[PDB]
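Inspection log for the structure reproduced underneath, given as structure tokens.
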Amino acid sequence: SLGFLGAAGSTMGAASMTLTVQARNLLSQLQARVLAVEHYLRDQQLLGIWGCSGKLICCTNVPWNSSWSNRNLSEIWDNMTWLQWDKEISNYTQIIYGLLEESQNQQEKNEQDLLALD
Amino acid sequence: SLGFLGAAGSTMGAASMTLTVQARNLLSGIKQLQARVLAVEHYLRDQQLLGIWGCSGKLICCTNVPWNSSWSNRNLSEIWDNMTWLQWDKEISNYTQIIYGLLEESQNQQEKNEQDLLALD
Amino acid sequence: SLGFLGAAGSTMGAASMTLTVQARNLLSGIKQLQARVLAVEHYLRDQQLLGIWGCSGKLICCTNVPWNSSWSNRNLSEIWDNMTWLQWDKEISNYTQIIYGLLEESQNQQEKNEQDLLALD
Amino acid sequence: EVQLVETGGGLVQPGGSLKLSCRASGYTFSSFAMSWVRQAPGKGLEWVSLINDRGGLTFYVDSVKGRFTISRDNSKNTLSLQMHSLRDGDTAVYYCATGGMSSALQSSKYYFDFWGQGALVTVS
Amino acid sequence: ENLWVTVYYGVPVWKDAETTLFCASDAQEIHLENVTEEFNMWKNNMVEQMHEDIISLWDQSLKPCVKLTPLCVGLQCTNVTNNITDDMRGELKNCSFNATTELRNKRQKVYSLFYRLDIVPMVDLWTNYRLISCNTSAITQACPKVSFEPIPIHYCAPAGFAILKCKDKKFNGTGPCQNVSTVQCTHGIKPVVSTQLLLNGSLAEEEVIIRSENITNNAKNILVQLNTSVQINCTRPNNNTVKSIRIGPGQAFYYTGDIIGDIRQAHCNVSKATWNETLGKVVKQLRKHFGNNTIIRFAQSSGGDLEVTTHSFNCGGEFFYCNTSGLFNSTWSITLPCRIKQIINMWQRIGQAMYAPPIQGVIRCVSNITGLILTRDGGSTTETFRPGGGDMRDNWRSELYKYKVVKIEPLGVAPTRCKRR
Ligand SMILES: *[C@@H]1O[C@H](CO)[C@@H](O[C@@H]2O[C@H](CO)[C@@H](O[C@@H]3O[C@H](CO)[C@@H](O)[C@H](O)[C@@H]3O)[C@H](O)[C@H]2NC(C)=O)[C@H](O)[C@H]1NC(C)=O
Ligand SMILES: *[C@@H]1O[C@H](CO)[C@@H](O[C@@H]2O[C@H](CO)[C@@H](O)[C@H](O)[C@H]2NC(C)=O)[C@H](O)[C@H]1NC(C)=O
Ligand SMILES: *[C@@H]1O[C@H](CO)[C@@H](O[C@@H]2O[C@H](CO)[C@@H](O)[C@H](O)[C@H]2NC(C)=O)[C@H](O)[C@H]1NC(C)=O
Ligand SMILES: *[C@@H]1O[C@H](CO)[C@@H](O)[C@H](O)[C@H]1NC(C)=O
Ligand SMILES: *[C@@H]1O[C@H](CO)[C@@H](O)[C@H](O)[C@H]1NC(C)=O
Ligand SMILES: *[C@@H]1O[C@H](CO)[C@@H](O)[C@H](O)[C@H]1NC(C)=O
Ligand SMILES: *[C@@H]1O[C@H](CO)[C@@H](O)[C@H](O)[C@H]1NC(C)=O
Ligand SMILES: *[C@@H]1O[C@H](CO)[C@@H](O)[C@H](O)[C@H]1NC(C)=O
Ligand SMILES: *[C@@H]1O[C@H](CO)[C@@H](O)[C@H](O)[C@H]1NC(C)=O
Ligand SMILES: *[C@@H]1O[C@H](CO)[C@@H](O)[C@H](O)[C@H]1NC(C)=O
Ligand SMILES: *[C@@H]1O[C@H](CO)[C@@H](O)[C@H](O)[C@H]1NC(C)=O
Ligand SMILES: *[C@@H]1O[C@H](CO)[C@@H](O)[C@H](O)[C@H]1NC(C)=O
Ligand SMILES: *[C@@H]1O[C@H](CO)[C@@H](O)[C@H](O)[C@H]1NC(C)=O
Ligand SMILES: *[C@@H]1O[C@H](CO)[C@@H](O)[C@H](O)[C@H]1NC(C)=O
Ligand SMILES: *[C@@H]1O[C@H](CO)[C@@H](O)[C@H](O)[C@H]1NC(C)=O
Ligand SMILES: *[C@@H]1O[C@H](CO)[C@@H](O)[C@H](O)[C@H]1NC(C)=O
Ligand SMILES: *[C@@H]1O[C@H](CO)[C@@H](O)[C@H](O)[C@H]1NC(C)=O
Ligand SMILES: *[C@@H]1O[C@H](CO)[C@@H](O)[C@H](O)[C@H]1NC(C)=O
Ligand SMILES: *[C@@H]1O[C@H](CO)[C@@H](O)[C@H](O)[C@H]1NC(C)=O
Ligand SMILES: *[C@@H]1O[C@H](CO)[C@@H](O)[C@H](O)[C@H]1NC(C)=O
Ligand SMILES: *[C@@H]1O[C@H](CO)[C@@H](O)[C@H](O)[C@H]1NC(C)=O
Ligand SMILES: *[C@@H]1O[C@H](CO)[C@@H](O)[C@H](O)[C@H]1NC(C)=O
Ligand SMILES: *[C@@H]1O[C@H](CO)[C@@H](O)[C@H](O)[C@H]1NC(C)=O
Ligand SMILES: *[C@@H]1O[C@H](CO)[C@@H](O)[C@H](O)[C@H]1NC(C)=O
Ligand SMILES: *[C@@H]1O[C@H](CO)[C@@H](O)[C@H](O)[C@H]1NC(C)=O
Ligand SMILES: *[C@@H]1O[C@H](CO)[C@@H](O)[C@H](O)[C@H]1NC(C)=O
Ligand SMILES: *[C@@H]1O[C@H](CO)[C@@H](O)[C@H](O)[C@H]1NC(C)=O
């Protein structure tokens, strides 16, 4: 299992299989506890604004723009680590999150209409 | 586009398109700590109340509880196109707890039915 | 309608109908902030643990982990009809960490299988 | 009460493609779902496709699901229907119409209300 | 129509609520179209919280300071030997006492000038006066090198709450407000503490606003918010030389050493023409509630102690108590003498006394007058208005009148033709 962050130096396709190890160490002086709770809740709220409510791996309907990163999957997942990838796409992260929100909003209305057919 | 509560004076059909704008602003010495704990508790109580209705992770959640004509005898062309959420919230201050109880009971029945269907070989 | 923990002495099959009654009572100077923060932390640890298992938003969550007869060799007519949740907890507490680990691993495998199924054009 | 004007095409060979369009005036286009309905010269009416008010949801009959695409532009008040792999059996007058499904917050319809003037599709 | 309950989260609605606001300082605003909100400045819990916050911060600032226990002695006070003007005779005394020093067994004879208002006569044979507060409470010296200048403070709502601001012109503090906006933090409000006149604050945009609860009840204070500021020049024209001694290990006491030159009375200058026009503006906006043919009279603030009968304020760090007799004497340059006081009991407290250290040189302040606190006599064809104040909530109601704190209720239900299955 390697432990907490033990896959930080591993490739993305290897580190992505240890997400629960990282997730279980996010919740476990009062200012520190409230700050940790707020950060956890802000991340869960961002996941819930998107359709990724209860999932650790979540596939969305936002296509990947080659202007964000033009690497093929044989480099992102097999060669690159999450730290290097996180550095590469920092400048576009706030763009990507916005598009994710927009996609879910459209999906919610579409689902509301699809469930409205008698 | 209009910002937090910007759609408050718009009709509820139009204000329903700003649910993420409202949701993002609910989470963000002793008074600061008490205020932060209180905001967290209000957020978690609303999230638990959604969760027990089967609406976890959704901002628009359809249910299977029928609308009683005694709660508000209005057509959708009037509720959604000519009324705001504030006026509606005032109008159904009464019966809100009845609706919440019915939603909780409907979700309990749905969870039992799903458990029985998934256990059906 | 038995109240908070009113079903504590009821059988497991009967007590499972009161999951929302116990669930809604989990959320509601520095001594009181420590108490409130600990209540929030316990709630969030339980909700995160449910999320890891793929059970987020549900009070009755069915899984793909087979039951090991070494954990308990009782049949359903004994566990659900002639046993309470307290007695069951006393019997299973030695094995709940193995069960939790198996639930986490099963959900991780399920998430990878779902991602691969959604990758078929 | 409202005006719907279709633009048609000419004669297309089997296996080709043809684009129909429809322009709306006199009402808020973005507030209503739109549909396309087919009528063969000697037969009755047949519904072919339905699109909702936002253009996000499209529905078709089984016979055209892999051949016809319906598209909506709410800024130009324009509908289009792009038909591929046309056969001689698809020769018909196609109409655009306002009606069909309503988007959950509106009163239920499930009917066609306003009709255009028709457009001819002839397939050799 | 076979309608079903649909649950929405993120609903833009709110309910009135009272919560704890946090403070911010400088080390968005969203206009709500078609939103009418009912305001009530007299039930606004932001005022009670601001009052408690200012008192708490005041107590925290004064707590770690010199307790001046050695000053509750007997004072050998004589007449000041300098050149004293006609109206300052007997208002300042030259008092000699034996004060302690670092060594417990050594005492030093200290001469200091005290104002007559800071000392009380007694009938001991060898000593004539004592400090006014020594029979009531300990006197804490304010820490030196600490300013009393109001610094703009912003009150900010917790997440999940919002502050609504009323943008209506000529808004009288209660009732519907049609032009509203949502903010997270208020504007910078200066915690100015004064009586009878509001000195530094929000100015009215179009006209003078007469703002009161139950205006027919004369017992309620009327807050007058001016649309033009009247400039008041506050001066203490005495070149004060300040001396300092130590009275214990780590303790130091500051006192008036001498006055260089002649001794003159402190004054406030309010322009006669500008104030006359300001009173005309107040009267024109006041007749609306009493009748166009009702005679409106202004009279002085008869009744109460110095704190409420005079215009009190903190100028430089000295507390001025100005006799506003020339501003409120009319039937429809003004120089006001001011008394300076150093043993201060602020708000309505009795047992918490503070000693304001003297400031070297000559103090000059240039302040605005943006509003007034008036009261009305009770009991035909004439009305009498007098300066009021001393409660100190009015000084903050005059700034918080446009803000309301609301709790956001993001969850709601509505009928839709949408069935879950
Ligand atoms: C209402 O606002 C006016 C304008 O700010 C206030 O007057 C200002 O008061 C401060 C008090 O600290 C003055 O600062 C002092 O200035 C002297 C100048 O020699 C300096 O030696 C001190 O160390 C300190 O910096 C400031 O100059 C003064 N402004 C003007 C234009 O005179 C006034 O006090 C406010 N009213 C109340 C009741 O607080
Ligand atoms: C307020 O106005 C009076 C005018 O009556 C000022 O008094 C004058 O002050 C100057 C200052 O040196 C003297 O030279 C004049 O002789 C004074 N005039 C009289 C008639 O006594 C007073 O100084 C002003 N105060 C402020 C604070 O501006
Ligand atoms: C100073 O203030 C007092 C009231 O606060 C003014 O009125 C005097 O009040 C006392 C007691 O109420 C009376 O004995 C005096 O006769 C009053 N004065 C007059 C002129 O009638 C007083 O006038 C103010 N001082 C100045 C210089 O205006
Ligand atoms: C570090 O790199 C080596 C080189 O392939 C690899 O075998 C090893 O697994 C990596 N470490 C981790 C923790 O993945
Ligand atoms: C990628 O981003 C650029 C930025 O302007 C935009 O023009 C382009 O259309 C985007 N492409 C996709 C496929 O989203
Ligand atoms: C991905 O791109 C790189 C370019 O540096 C190339 O060398 C590599 O072969 C590509 N991957 C595949 C699978 O073709
Ligand atoms: C990709 O793989 C090559 C293998 O030689 C390595 O040198 C390079 O650093 C890798 N890229 C990154 C971003 O680590
Ligand atoms: C990202 O931003 C940093 C500074 O904000 C800049 O130095 C860097 O070059 C940017 N990277 C890209 C890929 O735009
Ligand atoms: C307020 O009402 C007017 C009336 O036509 C409407 O046009 C406007 O959009 C409304 N405001 C908002 C924010 O929807
Ligand atoms: C609606 O509420 C009324 C309450 O007076 C009740 O009598 C009625 O049965 C309810 N309708 C349904 C369909 O449950
Ligand atoms: C909705 O109900 C109101 C109530 O009188 C009615 O006037 C209006 O015509 C109704 N709308 C529709 C579309 O039926
Ligand atoms: C809710 O019910 C109470 C019961 O007396 C009534 O007084 C109140 O007016 C009702 N409110 C609404 C909005 O119908
Ligand atoms: C307690 O036991 C008796 C035994 O018959 C049973 O009838 C009763 O329902 C039990 N109480 C509860 C709360 O389940
Ligand atoms: C669970 O059952 C298997 C056989 O199915 C057994 O090998 C294993 O040891 C059991 N687990 C425990 C913890 O005893
Ligand atoms: C099933 O349960 C009954 C009691 O209800 C018990 O007597 C029987 O032995 C059990 N059978 C098993 C575990 O095979
Ligand atoms: C199990 O059944 C017996 C039958 O008599 C009953 O007495 C006992 O109370 C039951 N146990 C529970 C926990 O309900
Ligand atoms: C759980 O393990 C402890 C450790 O020895 C043991 O004493 C206890 O009896 C076990 N519990 C059960 C129910 O077997
Ligand atoms: C106070 O009295 C002392 C007596 O020695 C004298 O020296 C001092 O100058 C006096 N102060 C004033 C202001 O006259
Ligand atoms: C001190 O001044 C007061 C002021 O009225 C006067 O009455 C008293 O006689 C003076 N004392 C002396 C000793 O001159
Ligand atoms: C202190 O003495 C003064 C002398 O006038 C008196 O008025 C006041 O009431 C006294 N205070 C107390 C608390 O005894
Ligand atoms: C509301 O007040 C602001 C303050 O400047 C003003 O700009 C705006 O025009 C006002 N709106 C209305 C509708 O009066
Ligand atoms: C005082 O009023 C003047 C107008 O003459 C204004 O420019 C100044 O900013 C005001 N100062 C304060 C502190 O309100
Ligand atoms: C203040 O209000 C009065 C009302 O009579 C008006 O005449 C004057 O012009 C106003 N001044 C400003 C600066 O708005
Ligand atoms: C304030 O305005 C409201 C608006 O209705 C009015 O009812 C009230 O009497 C006014 N009060 C004063 C003191 O002007
Ligand atoms: C003011 O209070 C008195 C107290 O009895 C009451 O009679 C009167 O009606 C009130 N007036 C207003 C305008 O609230
Ligand atoms: C007060 O007197 C001292 C004595 O030197 C002098 O330096 C200072 O400038 C004087 N101040 C004023 C305001 O006259
Ligand atoms: C004193 O007040 C008058 C009012 O007429 C004003 O003109 C003057 O500038 C003020 N003095 C100072 C130093 O600000």
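Counting neighbours? That spans all protein chains shown, and the Cβs are built from the backbone with ideal geometry, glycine included. Read the figures in this text as sums done on the coordinates, not as results from a lab.
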Pairs where the first residue, in segment D:7-35, is of a type in the set (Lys, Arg) and the second is loosely packed, with under 15 Cβ neighbours inside 10 Å, C-beta under 6 Å, 6+ apart: D:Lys19/D:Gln82; D:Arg23/D:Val5
Verdict on A:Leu47 being within 15 Å of the chain's Cα centre (by Cα) and within 14 Å of chain B (Cβ to nearest Cβ): yes
Breaking point among (1) closer than 28 Å to E:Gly280 by Cβ; (2) loosely packed, with under 15 Cβ neighbours inside 10 Å, for E:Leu198: (2)
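Quick one: in segment C:1-41, of everything that is of a type in the set (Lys, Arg) and in contact with a helix residue (DSSP H, G or I) (Cβ under 8 Å, 6 or more places away or on another chain), which residue is nearest to A:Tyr40 (Cα to Cα)?
Here is the first cut: in segment C:1-41, the ones of a type in the set (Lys, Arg) are C:24, C:31, C:36.
Retained after the next criterion (residues that are in contact with a helix residue (DSSP H, G or I) (Cβ under 8 Å, 6 or more places away or on another chain)): C:24, C:36.
On the way: C:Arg24: 21, C:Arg36: 17 Å.
Only one residue fits best here, namely C:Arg36.
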Residues satisfying the stated conditions in segment A:34-68, i.e. β-branched (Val, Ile, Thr) and part of a loop (DSSP other than H, G, I, E, B): A:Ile57, A:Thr60, A:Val62
Hits in segment C:42-78 - residues which are more than 30 Å from C:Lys112 (Cβ to Cβ), part of a helix (DSSP H, G or I) and among the charged types (D, E, K, R): C:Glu78
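Residues are listed down the side, and each one gets a yes or a no for (1) among the β-branched types (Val, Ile, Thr); (2) buried (at least 19 other Cβ atoms within 10 Å of the Cβ); (3) more than 23 Å from E:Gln360 (Cβ to Cβ):
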site: E:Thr216; (1), (2), (3): yes, no, yes
site: E:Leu223; (1), (2), (3): no, yes, yes
site: E:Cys234; (1), (2), (3): no, yes, no
site: E:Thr241; (1), (2), (3): yes, no, no
site: E:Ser244; (1), (2), (3): no, no, no
site: E:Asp258; (1), (2), (3): no, no, no
In segment B:23-54, the residues that are in contact with a strand residue (DSSP E or B) (Cβ under 7 Å, 6 or more places away or on another chain), surrounded by fewer than 19 Cβ atoms within 10 Å (Cβ to Cβ) and closer than 20 Å to C:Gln34 by Cβ: B:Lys31, B:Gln32
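Conditions tested, residue by residue: (1) within 9 Å of chain B (Cβ to nearest Cβ); (2) surrounded by fewer than 14 Cβ atoms within 10 Å (Cβ to Cβ).
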| position | (1), (2) |
| --- | --- |
| E:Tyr9 | yes, no |
| E:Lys15 | yes, yes |
| E:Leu21 | yes, no |
| E:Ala24 | no, no |
| E:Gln28 | yes, yes |
| E:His51 | no, no |
One residue from A:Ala32, A:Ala15 being over 30 Å from B:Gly29 (Cα atoms) and small (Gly, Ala, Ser): A:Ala15
Some residue of segment E:72-95 being under 20 Å from E:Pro144 (Cα atoms) and buried (at least 18 other Cβ atoms within 10 Å of the Cβ): no
Members of segment E:160-176 that are surrounded by fewer than 20 Cβ atoms within 10 Å (Cβ to Cβ) and within 14 Å of chain B (Cβ to nearest Cβ): E:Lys167, E:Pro176
Residue within segment B:69-79 that is among the charged types (D, E, K, R), within 10 Å of chain E (Cβ to nearest Cβ) and surrounded by 16 or more Cβ atoms within 10 Å (Cβ to Cβ) present: yes
Test set (1) more than 10 Å from chain A (Cβ to nearest Cβ); (2) at negative phi - B:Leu5 fails condition number: (2)
Filter result (part of a loop (DSSP other than H, G, I, E, B) and within 40 Å of the chain's Cα centre (by Cα)) within segment E:1-22: E:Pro12, E:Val13, E:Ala17, E:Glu18, E:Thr19, E:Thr20, E:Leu21
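Do we find that D:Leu18 is more than 24 Å from A:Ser103 (Cβ to Cβ) and either touching a strand residue (DSSP E or B) at 6+ places or on another chain (Cβ under 9 Å) or acidic (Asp, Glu) (or both) in this structure?
In short, yes.
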Restricting segment E:377-394 to residues that are touching a strand residue (DSSP E or B) at 6+ places or on another chain (Cβ under 6 Å) and either buried (at least 20 other Cβ atoms within 10 Å of the Cβ) or charged (D, E, K, R) (or both), the residue that is nearest to the other protein chains (Cβ to nearest Cβ): E:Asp394
Any chance C:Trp85 is farther than 19 Å from A:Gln44 by Cβ, more than 16 Å from ligand 24 (Cβ to nearest atom) and more than 14 Å from chain B (Cβ to nearest Cβ): yes
Hits in segment A:82-118 (condition: surrounded by fewer than 17 Cβ atoms within 10 Å (Cβ to Cβ) and not in a helix (DSSP H, G or I)): A:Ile89, A:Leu117, A:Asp118
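Could you go through segment B:104-121 and let me know if any residue there is within 7 Å of another protein chain (Cβ to nearest Cβ) and under 19 Å from E:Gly10 (Cα atoms). First the steps, then the outcome.
Within segment B:104-121, the subset within 7 Å of another protein chain (Cβ to nearest Cβ) is B:104, B:108, B:111, B:115, B:118.
If we keep only those that are under 19 Å from E:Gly10 (Cα atoms) too, we end up with none.
There is no residue in segment B:104-121 that is within 7 Å of another protein chain (Cβ to nearest Cβ) and under 19 Å from E:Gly10 (Cα atoms).
Give me a count of the residues in segment C:1-22 that are out of contact with any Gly (no Cβ under 8 Å at 6 or more places or on another chain) and either surrounded by 15 or more Cβ atoms within 10 Å (Cβ to Cβ) or of a type in the set (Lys, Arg) (or both). Working first, answer last.
First, the residues of segment C:1-22 that are out of contact with any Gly (no Cβ under 8 Å at 6 or more places or on another chain): C:1-17, C:19-20, C:22.
Within this subset, residues satisfying the condition of being either surrounded by 15 or more Cβ atoms within 10 Å (Cβ to Cβ) or of a type in the set (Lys, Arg) (or both) are C:7, C:10-12, C:15-16, C:19-20, C:22.
Adding up the residues that qualify gives 9.
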Selected residue [farther than 30 Å from E:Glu29 by Cα, polar (S, T, N, Q) and surrounded by 15 or more Cβ atoms within 10 Å (Cβ to Cβ)] from E:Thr127, E:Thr186: E:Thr127
Residue check for E:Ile215: part of a strand (DSSP E or B), within 16 Å of ligand 24 (Cβ to nearest atom) and more than 14 Å from chain B (Cβ to nearest Cβ): no
When residues of segment B:81-107 are limited to those that are of a type outside the set (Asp, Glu) and not in a helix (DSSP H, G or I), the one farthest from ligand 17 (Cβ to nearest atom): B:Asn82
Scan of segment E:346-372 for residues that are touching a strand residue (DSSP E or B) at 6+ places or on another chain (Cβ under 9 Å), under 30 Å from E:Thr69 (Cα atoms) and surrounded by fewer than 19 Cβ atoms within 10 Å (Cβ to Cβ), ordered by number: E:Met346, E:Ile359, E:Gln360, E:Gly361, E:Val362
Residue list for segment C:9-62, filter: within 8 Å of chain B (Cβ to nearest Cβ) and under 19 Å from C:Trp80 (Cα atoms): C:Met17, C:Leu19, C:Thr20, C:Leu59, C:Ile60, C:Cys62
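Return the residue satisfying two criteria in turn: it lies in segment E:178-225 and is within 16 Å of ligand 27 (Cβ to nearest atom) and of a type in the set (A, V, I, L, M), and of such residues it is farthest from E:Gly390 (Cα to Cα).
Within segment E:178-225, the first condition is being within 16 Å of ligand 27 (Cβ to nearest atom), and the residues that meet it are E:197, E:199-200.
Within this subset, residues satisfying the condition of being of a type in the set (A, V, I, L, M) are E:197, E:199.
Working: E:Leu197: 11, E:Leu199: 14 Å.
Across segment E:178-225, the extreme among qualifying residues is E:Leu199.
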